[PDB]
Structures are given as structure tokens and as C-alpha cells.
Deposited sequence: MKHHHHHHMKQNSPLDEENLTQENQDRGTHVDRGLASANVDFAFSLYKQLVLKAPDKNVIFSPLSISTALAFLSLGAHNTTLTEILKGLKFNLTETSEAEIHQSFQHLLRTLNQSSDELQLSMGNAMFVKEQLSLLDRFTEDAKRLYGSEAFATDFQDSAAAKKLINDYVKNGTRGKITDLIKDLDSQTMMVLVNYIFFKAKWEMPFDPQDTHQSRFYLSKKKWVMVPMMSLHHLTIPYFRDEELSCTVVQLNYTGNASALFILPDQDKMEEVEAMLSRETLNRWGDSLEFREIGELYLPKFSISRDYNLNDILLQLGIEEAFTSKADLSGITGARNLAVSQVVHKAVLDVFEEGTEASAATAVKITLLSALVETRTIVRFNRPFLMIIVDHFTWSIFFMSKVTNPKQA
């Protein structure tokens, strides 16, 4: 089904992670590799020549074993096995292109973007800038019945295109935490500083487990009812960057083959919510995607000619880690009272909904 897309999309996950952390050392991170991946793949459908191979290589594709034509259809297959799943699990993902009203959009592009990526573009008046932000923030607002803040805040009048994507999640643990078991406990920002958080607990729990003596970390798999699972990576004290500098597909694959079911006595995991907005222009520059931002840009697939450059690329990701899963409620010891990593991956296609580091559960 998804053998070659998944390997590209795990690779992109980690080089994205590596960059985001470099931007914000010792700070929380959350983002969606899958969501950003479909975004830059959607941009690539309107790309040509150097602007196009720059996006595809940056998405970590090998353009000697695959082609633009095959990627566009490998993603459409992927995107539609996610729209198959039941309402055990619900992935609310958004992918929008806002283009300067002057430039016409061939109905060839808005067409393909629909049937291939479920996304679309809209004409936009970036001269009335305040109302521009008005209706782009309104698009992200519609990813949740919940109310969220503003993703676009400062928008230049001479903006050509803003590309927007967001991700919202809804699932249930196979093994929910009991709220009666959720207690106040310490979370150790450092070996000497700490903070009080809600601490979810389970006891006498047989779940996939692996103690990595090599990388000095501990890995557990918490399943959702849908065909996804949460990977939780508890690095030893003072060893997060050694774990961080080993992250890669090969490392993730090793953890995946090394997990074994194990009875665990007690499991302690913070009850928390994590959400981040990013402007990704710097990070995509770092990843080799230059021509799409310059005058050298060849997005002629969108407009019919080379009149168009990416101005802003914005991502928003929102995860809840509660007792029943995403929704709130009415002896081997694994205690996540320390900065840790969290990787939520889908079992059908092997892609990564969320990639996250929690250095502080309410911050």
C-alpha cells in the first residue's frame, strides 16, 4: 500500500524536527509531518523545473526511484485511506492556498488539487489586508468545533501567496486512564527545577515496551482504538540531546522492531495539551527549498505563467493528551516526569500525524 511514500515521509519528519528544535532549543515542539507533507506536495503540483525538484527533494523523495507523476498519485491513495477510517479516530486536516486576486487560477489546478489532495485555492485581496487576515483565520477556525485563536496576524499588502495548513485530532485510548487515578505530581524541567502537573496513572498494564540501553531511553506504545498508536520516548535524565541526535527512520524502525509486550506495574503520564503555530519559511529555506520564494520561482502550474512566489507558509498543530484519549472525562515503573518525545503514527500507512517534544506540560 504505502511502502515508498511512508519512508520519504518519516525522513522528512525528523529533518523537520531537527530544524524546529534548532530554532527553539529547550522549548516544546509540536507539528504534523503528514500535514506539512501534503502541503508542500500540493504546492509541488503547480511547480515546474528547479522550483519543483527543490520541493520534492526537500520532502525527502529520491527522484531516481520516483517521479512527480507517481508522488501525486501515491499521496492521493494515502489521503483516501485516512478518509476511510471509522469515527473511532478522526483526523481533521486542512490545506489551503490563498493567491493574490490579480493572478488567475486555471481551473485545471483547482480541479487537480481537489481530486488529488482534497485541497483548493482561493482568490484573495491582499490590499484590504485586515479583511485578508479576516477570512484566512476563518478557514483555520473551521477545523474544530472548538474555538481557536488567530493563525495569521501580520500580513503584508504586497503578498502574493499564503499557504495554510492545520491539523486536529480526535481519538480514544485502548486503555484509558481513570480520572480518579489522576493526581498532582512533580515534573522535572531540570534535575533541580520542577513543577506540579496533573499526572495520569495506569497500573498492571501489558503494552508494547522497550528499554533502550544503547540510546539511554525507554519507549512505550499506547494504542488508540482507531488504527493508530502513541509512541512515548522517555530519555534518561540529562540525555535528551543524545536521543535527539539519533532520531531517524532507522532509529524509529529499530524501536518498532524492539518493542515487546510487557507487564508494567505503574505508568505515569502528564495530562496536558500542546499546540504550536509556525511560520515555516525559515525552516523550508533550511531544507533546500529556495526557488519557490524568489523571482526565480516557477509555479506556472497555478497561474499559467511565472508570476507567482510563495510569500508565507503557516502550520498549526493541536494535540490533547487526556484520560480517555483526546477528550477529557467526567515492579516495572515508567514515570514520565521528565522532558520526553511523543510520536503518533498511523498503522495503516505508517505515516506520522504528530511529532512532539514536551519540555514542560503546561507551557
#### Entry: Parts of the chain sequence, as deposited, that carry no C-alpha coordinates in this structure
1 to 30, 361 to 375, 409
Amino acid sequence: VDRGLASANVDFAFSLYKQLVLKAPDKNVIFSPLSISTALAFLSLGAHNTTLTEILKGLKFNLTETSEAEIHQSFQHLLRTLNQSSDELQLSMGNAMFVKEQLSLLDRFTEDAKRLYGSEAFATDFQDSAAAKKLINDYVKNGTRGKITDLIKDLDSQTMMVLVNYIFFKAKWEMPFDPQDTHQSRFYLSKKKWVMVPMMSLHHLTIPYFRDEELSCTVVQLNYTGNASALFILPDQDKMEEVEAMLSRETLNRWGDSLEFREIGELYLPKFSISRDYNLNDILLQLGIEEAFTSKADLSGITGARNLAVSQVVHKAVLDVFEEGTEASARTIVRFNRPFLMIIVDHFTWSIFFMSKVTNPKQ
From here on, numbers count along this sequence of modelled residues.
### Query
Which is higher in the entry, the mean Cα B factor of 196 to 204 or that of 159 to 167?
159 to 167
### Query
If you average the Cα B factors in the entry, which is higher, 82 to 90 or 260 to 268?
82 to 90
### Query
Highest CA temperature factor in the entry: which of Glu174, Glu244, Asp277, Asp238?
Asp238
### Query
Say you rank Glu290, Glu101, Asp282, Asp212 by Cα B-factor from the PDB entry; which sits at the top?
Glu101
## Note on the structure
By the entry's values, the third containing the CA B factor of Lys147 is the highest
### Message
Based on the deposited C-alpha B factors for this chain, I'd like to know if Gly304 is in the lowest, middle or highest third.
### Response
highest
### Task
Would you check the entry's CA temperature factor for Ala228 and let me know if it's in the chain's lowest, middle or highest third?
lowest
### Query
How does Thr294 rank on Cα B-factor within its chain, lowest, middle or highest third?
highest
### Entry-reported Cα temperature factor of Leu234, expressed as the chain third it lands in
lowest
